Structures are given as structure tokens and as C-alpha cells.
Amino acid sequence: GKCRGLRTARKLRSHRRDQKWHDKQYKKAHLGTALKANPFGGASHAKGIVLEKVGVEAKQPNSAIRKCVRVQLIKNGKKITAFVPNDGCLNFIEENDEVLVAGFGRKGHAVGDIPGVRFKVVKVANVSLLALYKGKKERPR
Amino acid sequence: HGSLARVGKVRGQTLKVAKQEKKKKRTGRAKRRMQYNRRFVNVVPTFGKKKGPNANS
Amino acid sequence: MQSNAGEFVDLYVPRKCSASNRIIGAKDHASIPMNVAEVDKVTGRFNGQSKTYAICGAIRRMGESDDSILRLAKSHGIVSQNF
Amino acid sequence: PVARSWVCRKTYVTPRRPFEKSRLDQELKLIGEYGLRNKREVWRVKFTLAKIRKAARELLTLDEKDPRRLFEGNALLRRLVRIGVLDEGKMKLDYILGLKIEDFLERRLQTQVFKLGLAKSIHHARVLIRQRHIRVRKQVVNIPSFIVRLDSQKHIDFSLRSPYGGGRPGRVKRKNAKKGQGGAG
Amino acid sequence: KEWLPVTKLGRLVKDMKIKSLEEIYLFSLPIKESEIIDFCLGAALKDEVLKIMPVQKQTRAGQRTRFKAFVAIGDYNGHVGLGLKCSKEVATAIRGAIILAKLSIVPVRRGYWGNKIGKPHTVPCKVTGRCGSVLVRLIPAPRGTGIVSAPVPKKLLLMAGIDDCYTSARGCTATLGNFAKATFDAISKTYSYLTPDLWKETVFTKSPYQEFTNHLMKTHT
RNA sequence: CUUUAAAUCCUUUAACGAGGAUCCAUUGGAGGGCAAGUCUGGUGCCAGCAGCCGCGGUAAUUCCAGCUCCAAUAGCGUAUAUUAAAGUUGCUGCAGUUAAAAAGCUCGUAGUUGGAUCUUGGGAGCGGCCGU
């Protein structure tokens, strides 16, 4: 602190109050703009409907094709490219399927090789994509 | 290379081996006892360096 | 340095500067321990005993060690008070 | 609005680094020595000691001959002494900090049932507790956490009801005796 | 295999005249022989290689990899040393750092939190130590607290024989060298912190250069 | 039987009730951080893994499996808010020559901070000059 007056409580509090806005992690949480522009509307997960299956070219170094899924969210009507996890799990996603969709892990930031894809597909037609991959549940059709 | 057509390539084309028949692993304190026996009661002071449990150099 | 029973428990008691009282650490290699020999007050010969002085490296690097031995030998009677 | 309690608290804390080799292999040294079943049984004891050891830190800040300290301190000392952890000779609360996890593991029923020699191992001891063969002052104790009061140590023996005592002989013997007379004819 | 001592202080220590590195540490003597510290604490000195660190001098024809070995040494009874040797391969570096660790060893003053009873368990007082950006503060703690520190200063403070301690660290502690050198520097300053205990002016005893001058003339040059 | 409005569960207690004790413990991992394979078979910058750094182009310690080992354990993983870690919001306690940063400079009102100085000696009593 740069005012050690005994009667300086408000300058020290009112400075700190003003300088907390220059923090990212604070400015984000304490404005509507981060919580509005969030496609999930501040929710953890979100059910949406697959409208196409999309190949996304991996980043500069490594070079695969990352199989993601273009999603119309129910609650918002908003557009999302959400990644599909492990080997050969895009074979489990028929078009126009209700998929439960979570974040990727970095609180709405793009992960690894996948440019501007912040989401993974968790369940497809209310059946878990780990259970389909392990073959425990069979896809109800 | 590889469009949407190559999905589940390598998962498909592995020689699918069925699991071996195991005497089932003991669970609870019977296990923690078995772990304690593998480490602190059995083994000897070794020349150079002590090896890892899964070690197969 | 002494316990409820009154035992000296620290594993050595340090020396400390005869000038400025600064304890003289185990790796202070600038530190200067001097023996100043005393003399028979009519013969003028080494008696066998000395007035031993110890300076910490720090004051010696400052260059004040000279004046600090000069004071410790004046207040010890080794050196003339008139000077 | 209901007539339910709700009051409940954790009895352990998970350690900060999950993979300290030095900790992982000192807590398995504890589990082997004293025949516990998981690291929760160790973090449970460590947590009770840490709460005791927190309360002690709190009383040593206070001035000597403080009424709250003298009352609270003696209350803590007579409790640790009563369970056989601390000594009557040593009941002074700067010794409570010089006190560790083996002192509490020694007083749990599993280890007393073993170190009285009415069990064959520490793992056999849990079996004898779990299988309700042992009692404490005509009370059959199912549970090996049971910390033994210092006065209540000598009253550990077999149940009057168990076949190890003067009890009704068990299921395997009685089936093998009936098969033995079904085998003889 | 046999030690033939070169320096004056090494000669005395082999010839049994001075028998405690306490007595060496009192007159603030340089210890340059390796076997001196191997002679007095020998059947207790334990080694932990904290880190092997590949450094690289860029040359005309590609990088030139040398290996630093950081070795903390100490008995679990009030002596630590922190040796860093940079060499061509790791075997030579580790061996050379062990020798430098030995040559570095300081005494640790250890004191009490509150009740001065039994043996000292913790640091006598708050000591700070620095190296580069790193600042390692040590604070005394009550009995059974252990060392509340990162894995690097734990390995030193445990080797120092300090049973209990609260640490703090600021700056790039990820630079293990600076972080081990700071916590070593902090420990070192325990017998360089004037407490009230050491207010009584010293009864200046006699150097083993002066005490055993008569032996040194006939035994060596 | 007990429980209880009547039951249930618990406790008690006849009888049955265990050798693959099949009365079958999972969940995640095993390059580093981070505990634990430079094992074997497949793939060949593909498929995929991968919080980050990275692994994958024909001896893959990282993918897909087998065996094995580790960790927590009737639980264990994941997404998201939030706390500590963050002395990366700093009152305790951060920074501002060059890493982000001192207004171009000065005056100036509220705000904040503000020099030294105004009573001391002994009277009464105890313990072994000092103590209450």
C-alpha cells in the first residue's frame, strides 16, 4: 500500500475496488458480457441437436482431422462446433440427434490442436458416448 | 489426408485379442497387506539401484 | 541455548568481533584473529601471554579494522594513551 | 421445517500432493504394521491428532494460570491419558505436540486384541472383531476403530457366546460333525 | 585409498590434535581437504542428488552439453552442505558435487518454539536466505509440525536435522539451483544471527595453528 | 420376538447359508509435471491421444489392444461456478530506469499526513542494593 494513514480506509478500499477491474478473471465474472456471450448461458452442460458432422484440420505442428459436430443448442438456438472424443465415435452420431455437450476443460478456451472448438459431446440420444465406445450400452434405434 | 470416411480406422483394424483368465485380485486390507509384503518385509539391499515394480528393461 | 534443565545444547558457541560484537560465521574467511604479545614493564621481553583480538571480515573489508585494533590496544594499555 | 439433525462432519483430510513417494510409502508402512484397510483409516487418525494438535497450539498462546486454559488444558490432558496415548507421569500439554500417529494406532481395538495375544496376527484380529468373537466388559464390539480406555484394556477377552469362549460351536464344525455322522452311518 | 594431507588444517585433523569440526568452525577456517569432513561425520553423511541439469555452450558445430549435478549432503544432526559441480558426464559431476557438498558443510543452529525443554526441534528464529530472484524465509514451528516446504528445501532442512519448520518462498523457485542455494543460505545464517543467548563476550581460546604449532614443524612443512 | 398407530429397517435369535470362498471391485492411469513398463501385437503426421509441454510419417515408454504395474477404493472419472495455491489485487504484502507501468510541467480546493514542548520526587509497609 502507498497510503499508510490511519484514517485512509476508503482510499485503500476504493482504490482496490477500482483496480480489481484491471484483472481478467474478475472483469470476466463481474460483467454480463462474458456470461451473455457464453453459448451455454453460464451452464455446465447443454443438450443440442446435431445439424452436420464436421472435419476440423488440426493446428500447425501435428496434423490430423478432428471430427467435431455442428450443434443447434435448444435453450438459446445458438451454433456450436463440439468435438467428439475417442477413436471412431463419430460413427455413433446420426444427424438430427439430441447430444448432451460439455466444455473441453479450459473454461471456454480452445484446447490442443482444435481451432475454436471449446466443447466435447458427452451423451448421444441420452446414451453416454463412453458407454457406446466401451460397448456397454447399445444405441437405441 | 483422411476426410469423414476414415473415422474409426485404427480401432477397426486391430487383431482383437480376448482377455486372459486371471485368479481374481484380492480387495480391501488383504490387498494393502499383499502390497506391504511386496515392499517392506521381503526385498534385500541391492547393488547400484533399486528397480521399479513393472520394470522389464 | 540452555534447556529447562539448564544444559548448553547448541553444538558450538561462536566467536564475535572484538570491535562491533558481530558473530563471526563458520565460512567468514576475511575474519582476522590476532595475538598481541605483552612485555615485562622494565625488561621489555615477551612474557608468554598475549591480548588476543578477533575482527569479523565485514569491518576488515570496510578498512576500519586498523582503527578497531588501535582502539582495542589503547583501552588495553598496550599502546600509549597520549599517542 | 422437520425434526432431523443434519449435523455431520468429515473425519479425514485428503493430502495436498497425491503422489509424495515419502508419504505413500510411510502410510503403507503404517497400514502394514497395524493392519488397516485403506489410507482413509490413516488420514482419519492423522486428522484426529491434527485437531488435538490444533487445540494444543491454541492453548499454548494463552497465559499460564488462565481459567479457560487451565480448565480446557487439563480436560484435554485427562482425555489423552484416559485412552492410554499420553502418561500420568507426563500429563503436561507441551508433551501433546511430542505425540504421533503410532500412539493412537496402538490404542485401537484391532492392535490391543493382537498385542494381548488372543489373536494370531493384526489381520486375524480384524477377522475376530468383524466376526463378533471379542467383547469389552460384557459388550460384544463389532468394530476395530474402537479406542480402548486405559482402565478398559484388561477387560478385552472373547465373547461368552463365541466358540473361542464357552459358546455354541460354529457353523462349519456343526455341519462337519453332522456330515461326520452322515459319513460314518 | 590412503589420505596424505596437503594443507596445514588437514595435517592437524589426521594427527588427532583437533577432534571436532565445531573447533574448525569456531576460528572460521577454510576447509579445502575433502577427507576432513569425511573423517568427523563419515559414518552418517548421506547423499541425495537433487537434480542433473544439462547446460549447452553453442559452438561452430552444434551445442556442447555439460551436466550440472546439485548434491545436498548432511548428517541428520546439525550439519548440511550444498555442492554444485558442472562436468562433461553425470558420473564425474555427481562425484565432484559430493566432494563440493562435503567442503561446503555449515553448522545449523536449531532452537525452540516457546517451551525450551528437551532437544531443539526447529530454527532458533526467523532467518531469510536469497539467491538470484529466490527468497527462502524460515520461521520456527512447534513439535511434530515437520517441514512445511517444497520438495527441494525439505530435502535440505531434513538433512540439516531440523525436525520442525514453517517455510515461505518468493521468486522463480522452479530454478532448483537458486532455490536450494537460497534455503542453504537461510540455514547457514542460523549461527550468524546474534540472539540474546550470545550476548556474553567470548573467552577467546587458542587457534589449532597456535595450540599445535610445535607438532606441525616436525610432521610436515 | 422386538420395533411400530399398523408395519418396515436396525438390534436379538431357531434353521439353512462359502474354496475358483464364480457369494467373481471398480474407476482412472503408467513420456514429464505425477505414483507406475523404454514389454509384446496393430497403425504409420492416418486413426487417435494430449488440462500444458508434447506423442503419431516403419526399432510409438504417449494412439488401438494383450499381459503387467500404479493410485484412490465401494467408490472413481468428467464439465462448470467457487476457495486455497494468488505476495498473479498485495491492509498484513506486489509492482512502476530497461519486462505492463510516473500525469509534459507546475499551481491548487476538499481528501490524506503533519515538528519539539506543559510532573516529579519521595512519605507508609514487607522479601532477599533490586523487587510488589
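Structure values in brief
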item	result
Hits in the stretch A:122-137 (condition: among the aliphatic types (A, V, I, L, M), out of contact with any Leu (no Cβ under 6 Å at 6 or more places or on another chain) and near RNA strand F (Cβ under 8 Å from one of its atoms))	A:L130
Members of the stretch D:124-141 that are touching a residue at least 40 places away in the same chain (Cβ under 8 Å) and either out of contact with any helix residue (DSSP H, G or I) (no Cβ under 6 Å at 6 or more places or on another chain) or among the aliphatic types (A, V, I, L, M) (or both)	D:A125
Candidate set: the stretch A:58-71, residues that are within 13 Å of chain B (Cβ to nearest Cβ), touching a residue at least 24 places away in the same chain (Cβ under 8 Å) and surrounded by fewer than 18 Cβ atoms within 10 Å (Cβ to Cβ); chosen: the one farthest from RNA strand F (Cβ to nearest atom)	A:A58
Count - residues of the stretch D:19-34 that are within 12 Å of RNA strand F (Cβ to nearest atom) and more than 9 Å from every other protein chain (Cβ to nearest Cβ)	7
Qualifying residue in the stretch A:100-121 (condition: among the acidic types (D, E) and either within 11 Å of RNA strand F (Cβ to nearest atom) or within 14 Å of chain B (Cβ to nearest Cβ) (or both))	yes
Of all residues making up the stretch C:1-37, the number that are within 14 Å of C:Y53 (Cβ to Cβ) and β-branched (V, I, T)	3
Among (1) closer than 30 Å to D:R171 by Cα; (2) touching a residue at least 60 places away in the same chain (Cβ under 8 Å) - the single one D:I101 does not satisfy	(1)
Residues located in the stretch C:27-48, provided they are facing chain E (nearest Cβ under 7 Å) and among the small types (G, A, S)	C:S31
Residue that is more than 7 Å from chain E (Cβ to nearest Cβ) and crowded, with 19+ Cβ neighbours inside 10 Å, where the choices are C:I24, C:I59	C:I59
Residues of the stretch A:16-48 classified as free of Cβ contacts under 8 Å to residues at least 60 places away in the same chain, touching a strand residue (DSSP E or B) at 6+ places or on another chain (Cβ under 8 Å) and loosely packed, with under 14 Cβ neighbours inside 10 Å, total	1
Pick from the stretch B:1-41, criterion among the hydroxyl-bearing types (S, T, Y) and under 23 Å from A:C89 (Cα atoms), ranking: nearest to the other protein chains (Cβ to nearest Cβ)	B:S3
Residue list for the stretch B:1-41, filter: within 6 Å of RNA strand F (Cβ to nearest atom) and touching a strand residue (DSSP E or B) at 6+ places or on another chain (Cβ under 9 Å)	B:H1, B:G2, B:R6, B:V7
Selection status of E:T175, touching a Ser or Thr at 6+ places or on another chain (Cβ under 6 Å) and either charged (D, E, K, R) or farther than 24 Å from C:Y53 by Cα (or both)	no
Test result for A:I80, surrounded by 17 or more Cβ atoms within 10 Å (Cβ to Cβ), within 13 Å of another protein chain (Cβ to nearest Cβ) and either of a type in the set (V, I, T) or under 18 Å from the mean Cα position of the chain (by Cα) (or both)	no
Selection count, the stretch E:142-156, where residues are crowded, with 18+ Cβ neighbours inside 10 Å and in a helix (DSSP H, G or I)	5
From the options D:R16, D:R37, D:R53, D:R4, residue that is of a type outside the set (F, W, Y), at negative phi, assigned to a loop (DSSP other than H, G, I, E, B) and at the interface with another protein chain (Cβ under 10 Å from one of its Cβ atoms)	D:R37
Single condition D:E102 does not satisfy, out of (1) surrounded by 19 or more Cβ atoms within 10 Å (Cβ to Cβ); (2) under 24 Å from D:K54 (Cβ atoms); (3) not hydroxyl-bearing (S, T, Y)	(1)
Pairs with Cβ under 7 Å, 6+ apart, first in the stretch A:127-141 and free of Cβ contacts under 8 Å to residues at least 24 places away in the same chain, second within 12 Å of RNA strand F (Cβ to nearest atom) and in a helix (DSSP H, G or I)	A:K137/A:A131
Residues of the stretch E:12-48 satisfying the condition of being without any contact (Cβ under 8 Å) to a residue 24 or more places away in the chain and of a type in the set (K, R)	E:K19
In the stretch E:70-111, the residues that are part of a strand (DSSP E or B), under 20 Å from E:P54 (Cα atoms) and not hydrophobic (A, V, I, L, M, F, W, C)	E:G83, E:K85, E:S87
Tally, over the stretch E:162-221, of residues that are under 30 Å from E:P142 (Cβ atoms), exposed (fewer than 14 other Cβ atoms within 10 Å of the Cβ) and either within 11 Å of chain C (Cβ to nearest Cβ) or not charged (D, E, K, R) (or both)	5
Residue within the stretch E:54-67 that is hydroxyl-bearing (S, T, Y), over 15 Å from the mean Cα position of the chain (by Cα) and away from every other protein chain (no Cβ under 13 Å) present	yes
Of the criteria (1) in contact (Cβ under 8 Å) with a residue 24 or more places away in the chain; (2) more than 6 Å from RNA strand F (Cβ to nearest atom), which one A:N86 fails	(2)
Only listed residue being within 16 Å of RNA strand F (Cβ to nearest atom), surrounded by 12 or more Cβ atoms within 10 Å (Cβ to Cβ) and assigned to a strand (DSSP E or B), chosen from D:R161, D:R135, D:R174, D:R126	D:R135
Subset of the stretch A:83-99 (residues that are more than 14 Å from chain B (Cβ to nearest Cβ) and surrounded by fewer than 16 Cβ atoms within 10 Å (Cβ to Cβ))	A:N96, A:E98
Leading residue by the ranking (farthest from the other protein chains (Cβ to nearest Cβ)) among those in the stretch B:42-57 that are among the polar types (S, T, N, Q) and more than 8 Å from RNA strand F (Cβ to nearest atom)	B:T46
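Cβ coordinates were reconstructed from backbone atoms using ideal geometry, including for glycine residues, and neighbour counts include every protein chain displayed. Just so you know, all these numbers are worked out from the coordinates, no wet-lab data involved.
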